[PDB]
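# Topology and contacts: notes
One-letter residues, chain by chain:
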Amino acid sequence: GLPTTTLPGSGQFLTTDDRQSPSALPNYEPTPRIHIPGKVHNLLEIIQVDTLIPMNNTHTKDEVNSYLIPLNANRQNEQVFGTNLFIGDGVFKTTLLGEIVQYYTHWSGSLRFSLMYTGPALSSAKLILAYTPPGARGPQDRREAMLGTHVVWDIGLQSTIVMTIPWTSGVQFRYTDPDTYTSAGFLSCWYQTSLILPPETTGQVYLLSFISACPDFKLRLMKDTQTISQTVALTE
Amino acid sequence: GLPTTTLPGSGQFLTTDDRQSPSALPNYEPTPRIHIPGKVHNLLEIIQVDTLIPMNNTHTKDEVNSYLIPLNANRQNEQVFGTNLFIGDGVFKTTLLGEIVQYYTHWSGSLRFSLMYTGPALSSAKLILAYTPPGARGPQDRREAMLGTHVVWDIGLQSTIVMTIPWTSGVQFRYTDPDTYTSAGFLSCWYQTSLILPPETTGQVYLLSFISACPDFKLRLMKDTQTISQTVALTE
Amino acid sequence: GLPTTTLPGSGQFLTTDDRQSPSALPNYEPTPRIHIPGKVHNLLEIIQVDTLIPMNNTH
Amino acid sequence: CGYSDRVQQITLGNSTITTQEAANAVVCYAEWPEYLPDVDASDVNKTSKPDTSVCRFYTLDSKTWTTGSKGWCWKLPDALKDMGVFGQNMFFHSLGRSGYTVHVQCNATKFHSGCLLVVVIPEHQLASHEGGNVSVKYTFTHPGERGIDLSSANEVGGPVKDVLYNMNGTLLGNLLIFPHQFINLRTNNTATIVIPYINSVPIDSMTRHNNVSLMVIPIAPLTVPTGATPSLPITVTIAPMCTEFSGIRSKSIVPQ
Amino acid sequence: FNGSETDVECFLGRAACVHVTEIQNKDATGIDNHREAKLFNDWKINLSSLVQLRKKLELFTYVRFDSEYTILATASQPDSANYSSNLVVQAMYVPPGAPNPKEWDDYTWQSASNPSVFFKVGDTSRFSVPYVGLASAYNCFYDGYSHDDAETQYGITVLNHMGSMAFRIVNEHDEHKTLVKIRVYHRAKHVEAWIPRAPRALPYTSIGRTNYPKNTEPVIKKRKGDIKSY
Amino acid sequence: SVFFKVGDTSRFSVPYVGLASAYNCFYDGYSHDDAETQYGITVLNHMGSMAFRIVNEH
């Protein structure tokens, strides 16, 4: 009674196609839906949390000290931080933002860099931390960083320093293929003055660095995510 | 629940059939549509532009002088132009109107022949240019051209001469198969008087000839467009 | 989403069956229809004309 | 009173050109050079506005149209590299939006016969002198202020100097669907082309990417009356209009 | 007329044979013929092969597609006899910015979010890949390299990559010979073109680089006699 | 061009491809007094040309 045609692409098996399929248990009430806290609808609220950054991961075996940026006394106009802002590579790879951006593809959005001091109450220091945009060669000292968009937010009365990281569109998005190009962004910190330790301190103090994404974040295409060239078929 | 029949022509693969097909990326926002200038919706506005005609392409190697119709002094009642108006063949083949009409098939529409003089300001000449319709033998001299639909629009005060080319329907359209029949139209130019050069000029002056299609143009069926008997499967 | 059945007589090729079929030239304007005289809609007006009869066809 | 051609003061910054003979204007397309790529981001703006101090008429070196001449080709956003505040904004930032206004003027007397073709070609990719599976390494592409200089200056390793294929594989008289205007010495002596910004990406580096090649080429050869000089000058001026840059409150110093 | 005959969408939207290829499946290694055209094939899609040797799309500068690859696979080894016993062929559209398989039994045929289809040999499969473009339009005709920095490759400009098609066979058992020919027909939908461009004189000599070939013959025709016609 | 399995069919609809406004099945006249295409067969109102082949090997 109903005439119909064929379509090329018959017997097709798209893996990815959303088609309603009939039920093997057509009449079965499941265990009913209850309310449990922390309901999630999006990975944006997953990556809204400042995790931490391993910056002092320059020791061989991985320990707790991988996150402690070491601060000594009587050093000024010299290096504290320094990083390429290529998330999914280098030191940002093993953050939660790390494997999330390793999951997808081309991304967009501003960030929320945070920074926090671990030292004595009666200690003071001035730390210039500077951002240089992608496509610009990063500064070589405290001088050239100060001519950049320098941030002090000093140590001695304030511990938690947050700086937003504005995003700039390059070729419409961010390159997500493995290269060591140097146009990803650059953040680094310098002693504006020497660290003033309290008397008979005799050691080191440290900083703690966090990273996350502002609500402006964007994730566009999805990828396979090998990361180990993965194949294990072990079942029990 | 829904009874249906077959149709002969099942498993058919029409190459040319507009059928909506399911998406391999069913959920992916693309790079969004922005505005960039020169938006095109039709080939009519492509072929609305007077390009140029190579008329002095009677030299062997192709140079810049292929478009320069040569004008000498002390010649009158003799040849300047002369062409069969078979676009897609001869001297009109390598115009933009050329490969566009080589793309389609049977065509229709009036044209816009243009003509422009390249000489000194204090120079004068009378040039009769004459059109004869398709199906008529073209004139042999300035006399027989003058009894045609003669156009002077002289040289000495006016440089840019445009003449519309009216279209006449033969057997309902224009023959688009390769033959050297002589019922395609004929346009040619004659010196009504000798070219009056300025004193101690001692050389040649030239004319520049353009062609395009008026908005009355029409292109009806599409063809394969070999033009070289084309096959190259080189991929990199 | 749309359940359907079979019908016996599938893969059938009726020569005489009026079915709409897809176009090989899906987008092509033809030579347009003009008016020419003597339009015919039926063989009745063909056979309405007295032709002639060969009766002395005995040679 | 009498002839009243638009020859009044087009003064603009340090530039006070106002040299217009038959001051008719052809724009590239229906789109004017326009500043705003969007409205806002629903935020307070510190948007880089250098149009107060970029809109100068940066002229070029003059070039001598001889009888034995073939053409000249400048890569337009990279012709103005070593010059102006626009060039220092070009190296100083990375990305910028630049609409241009090009005014090519040819000094010619009443007695000189010839015609020129100016043409603005968007994204003019080049054809090599090798002509194989290799092109110029972008050292010979855009010398800046000097052009490719097609007129009998042949070289090796870079682009071809063939003028009929116009480093493109295309054809000379077929080139006019690009914006163009003919300088006819019977009629005019100058030409203006109004170039809006053109790129598939709304904001782009001009140090890396060559938006526009500008070609001035003689279609008809120049026949001077004998006893005069067999050379005529070509002067080209660029006024980058409604020009925008990206690196706001960001760029400190990059020397090169 | 407002009829879709001479407009842009009808102009480029026809389906054309690109990328004829020929694969098989033999064994894990078996006889030493593994790598070139056997057991799998990657294409790295590029309309630069046989859109009449890049002409109608090269007539414009900026385009935007919405592609419909219709993969026609067939059994070159006599399908009439046998060599077709449930010969399921696996196609796969590897998107740009994703690793490419280089082996038949490789991890990125079954990996995560790589659109792969399965169909019987001698039947077809229809796709609709959306506009996967880095720029807002496909820069078919681009001036510029990728960087003055590290610089990805060269001004081929594979930055606006479209995709990479991968074809292979899921079958086994070396005792026999089979051969499968795969022929993909690209079709572009909703084609929006910009910035008309003068056509080429010669058939090309390279992909991506707008080079005109050396040693040329005259592309334009001499007059039959003089400026005197007929 | 269409592709179908052997032993199955394929249905077309070619529109009126006529040079004249009707098919001149019964025409008096040649093609020209000029070059003249062929003869008063009158293949000028051509309908088309069907081509059949096999895509296989071996």
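Coordinates for the structure precede this section.
A brief structural summary. (Residues numbered from 1 in each chain as written, not as in the entry; some residues may be left out. Chains lettered and ligands numbered in written order. Part of a larger assembly, values for the part shown. Heavy atoms only, no water.)

Moving on, we come to the overall build of chain F. Along chain F, the regular secondary structure elements total 0 helices and 1 strand. A compact globule built from 58 residues would reach a C-alpha radius of gyration of about 10 Å, whereas chain F, at 17 Å, exceeds it by more than 25%. Overall, the C-alpha framework of chain F stretches about 50 × 25 × 15 Å when taken along its three principal axes. Here chain F holds 58 residues, and 16% of them are scored as buried. For chain F, the exposed surface amounts to about 4,800 Å²; the carbon and sulfur share of it is 58%. (Helix = DSSP H or I, 4+ residues; strand = E, 2+ residues; numbered from the N terminus. Rg over C-alpha atoms; globule rule 2.2 N^0.38 Å. Buried < 20%, exposed > 50% of the residue type's maximum accessible area, 1.4 Å probe, protein only. Areas by Shrake-Rupley, 256 points an atom, 1.4 Å probe, with all protein chains shown as cover.)

All names here are of chain D. In terms of burial, strand β5 (residues 95-106) is largely enclosed, as 12 of its 12 residues are buried. Residues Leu-95, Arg-97, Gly-99, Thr-101, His-103 and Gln-105 of β5 are buried on one face, and the alternating residues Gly-96, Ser-98, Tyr-100, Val-102, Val-104 and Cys-106, pointing to the opposite face, are buried as well. Two elements, β5 and strand β9 (residues 204-205), share 2 bridges in a ladder whose sense is antiparallel. The residue of β9 that forms the bridge with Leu-95 is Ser-205. Judged from the 3 bridges that link them, β5 and strand β12 (residues 241-245) form a sheet pairing that is antiparallel. Note that in β12 the partner of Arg-97 across the bridge is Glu-244. Across 6 bridges, the pairing between β5 and strand β8 (residues 190-195) is antiparallel. Following the sheet pairing, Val-104 is matched in β8 by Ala-191. (Pairing = 2+ DSSP bridges.)

Bringing the side chain of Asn42(B) into the picture now. Considering the arrangement of structural elements, one finds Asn42(B) in the loop between β2 (39-40) and β3 (69-71). Take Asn42(B): its relative accessible area is 17%, and that puts it in the buried class. Among the polar contacts listed, one links the side chain of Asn42(B) to the side chain of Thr6(E), at a separation of 3.4 Å. Filtering out sequence-adjacent residues up to four positions away, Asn42(B) remains in contact with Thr6(E), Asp7(E) and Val8(E). (Polar contact = N/O pair within 3.5 Å; in protein donor to acceptor, adjacent residues only side chain to side chain. Contact = heavy atoms within 4.5 Å.)

All names here are of chain E. If you walk through the whole model with that rule in mind, you get 0 disulfides over all chains. The thiol of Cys-10 is not disulfide-bonded; the next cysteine sulfur, from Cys-140, is found 20 Å away. Assessed through its relative accessible area of 5%, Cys-10 is described here as buried. (Disulfide = S-S within 2.5 Å.)

A separate point is the arrangement of the chains. For the 12 pairs of chains in contact, the largest share of contacts goes to chains B and E. Note that chain A does not reach chain F: the shortest distance linking a C-alpha of one to a C-alpha of the other is 11 Å.

Now for the interface of chain B and chain E. By a widespread convention, an interface's size corresponds to the accessible area lost as its parts come together. Each side of the interface is counted separately: chain B has 69 residues, and chain E has 62 residues. With both chains or domains summed, chain B and chain E bury close to 5,600 Å², and 58% of this area falls on carbon and sulfur atoms. Counting the surface chain B buries against chain E, the share from its top three residues, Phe13(B), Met222(B) and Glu236(B), is 10%. The interface formed by chain B and chain E holds 2 salt bridges in total. The closest approach of N and O atoms between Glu192(E) and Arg33(B), which form a salt bridge, is 2.7 Å. Put simply, chain B and chain E have 19 residue pairs in polar contact between them. Within the residue set of the side of chain B that touches chain E, elements represented by two or more residues are β1 (13-14), β2, β4 (83-84), α1 (96-103) and β12 (218-219) of chain B. Ranked by residue count, the leading element in the side of chain B that touches chain E is α1(B), at 3 residues. Looking at the side of chain B that touches chain E, its residues break down into 30 nonpolar, 27 polar and 12 charged. (Buried area = accessible area lost by both parts, 1.4 Å probe. Salt bridge = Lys/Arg side-chain N within 4 Å of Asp/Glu carboxyl O. Nonpolar A, V, L, I, M, F, W, Y, C, P; charged D, E, K, R; others polar.)

Here the focus is the packing of aromatic side chains. All names here are of chain A. Within this structure, the stated rule accounts for 26 aromatic pairs over all chains. Aromatic pair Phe-81 and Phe-113: ring centres 6.4 Å apart, planes at 50 degrees, arrangement tilted. On the criterion of sequence distance, the pair formed by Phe-81 in the loop between β1 (69-71) and β2 (83-84) and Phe-113 in strand β4 (residues 111-118) is long-range, its members being 32 residues apart. The buried category is assigned to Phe-113, whose relative accessible area is 3%. (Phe/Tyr/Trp six-rings, centres within 6.5 Å; stacked < 30°, edge-to-face > 60°.)

If you look at the biggest cluster of nonpolar residues, it comprises 92 residues, and the most contacted ones within it are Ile47(B), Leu71(B), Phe81(B), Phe113(B), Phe11(E), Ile71(E) and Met165(E). Element by element, the count of residues in this core is highest for α1(B), at 5 residues. Setting aside its immediate chain neighbours within four residues, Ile71(E) contacts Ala91(E), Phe119(E), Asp123(E), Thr124(E), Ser125(E), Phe127(E), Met165(E), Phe167(E), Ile182(E), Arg183(E) and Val184(E). Formed by 45 residues, the second largest nonpolar core is a distinct cluster that contains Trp65(D), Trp74(D), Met206(D) and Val212(D). (Core = buried A, V, L, I, M, F, W, Y, C linked by side-chain atoms within 4.5 Å.)

Residues and elements named next belong to chain B. With respect to topology, 4 strands assemble into an open sheet ordered β4-β10-β7-β8, the strand pairing being antiparallel. The open sheet has two free edges, formed respectively by β4 and β8 (149-151), since each of these has just one partner strand. As defined by bridge partners, strand β7 (residues 127-132) adjoins β8 across 3 bridges and the pair is classed as antiparallel. Across the sheet, the residue bridging to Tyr-131 is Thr-149, located in β8.

Two side chains with opposite charge may pair up if their charged atoms get near one another. One pass over the structure, following the stated rule, counts 18 salt bridges over all chains. Linking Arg187(E) and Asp18(B) is a salt bridge whose minimum nitrogen-to-oxygen distance equals 2.7 Å. In this pair, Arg187(E) sits in the loop between β10 (180-186) and β11 (192-196) while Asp18(B) sits in the loop between β1 and β2, so the two residues belong to two different chains. A salt bridge links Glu78(B) to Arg75(B), with the nearest nitrogen and oxygen atoms 2.7 Å apart.

Turning our attention to the interface of chain C and chain F. In this complex, chain C contributes 15 residues to the contact, which on the side of chain F involves 12 residues. Taking both sides of the interface into account, the surface hidden between chain C and chain F amounts to around 1,000 Å²; carbon and sulfur atoms contribute 55%. When the area that chain C buries against chain F is broken down by residue, the three leading residues are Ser21(C), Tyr28(C) and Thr31(C), summing to 37%. The interface formed by chain C and chain F contains 6 residue pairs in polar contact. For the side of chain C that touches chain F, a count of residues per class yields 9 nonpolar, 3 polar and 3 charged.

What follows deals with α1(B). Of all 8 residues making up α1(B), 8 are buried, and the element is well covered by its neighbours. Those residues of α1(B) not exposed but buried are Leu96(B), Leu97(B), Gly98(B), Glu99(B), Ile100(B), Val101(B), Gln102(B) and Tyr103(B). Buried positions along α1(B) lie against β5 (107-108), β6 (111-118), β11 (205-213) and β12 of chain B together with α1 (8-12) of chain E. The N-capping residue of α1(B), defined by a side-chain oxygen 3.3 Å from the backbone nitrogen of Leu97(B), is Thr95(B).

Moving on, we get to the sheet that holds strand β9 (residues 164-169) of chain E. All names here are of chain E. With respect to topology, 4 strands assemble into an open sheet ordered β2-β9-β5-β6, the strand pairing being antiparallel. Edge positions in the open sheet fall to β2 (40-42) and β6 (116-119), since each of these has one partner strand only. Within this sheet the neighbouring strands show an average axis-to-axis angle of 15 degrees, counted without direction. By the bridge criterion, 3 bridges tie β2 to β9 in an arrangement that is antiparallel. Counterpart to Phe-40 in the pairing with β9 is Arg-168. (Axes fitted to C-alpha atoms, helices over the stretch in contact; angles between N-to-C directions.)

Before going further, it helps to examine unusual backbone geometry. One non-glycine residue with positive phi stands out, namely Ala22(D), at about 55 degrees. If you trace the backbone, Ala22(D) turns up in the segment before β1 (26-27). Phi is positive for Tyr230(E), close to 55 degrees, though the residue is something other than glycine. As for its position among the elements, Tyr230(E) is in the segment after β11. On the accessibility criterion, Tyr230(E) (47% relative accessible area) is partly exposed.

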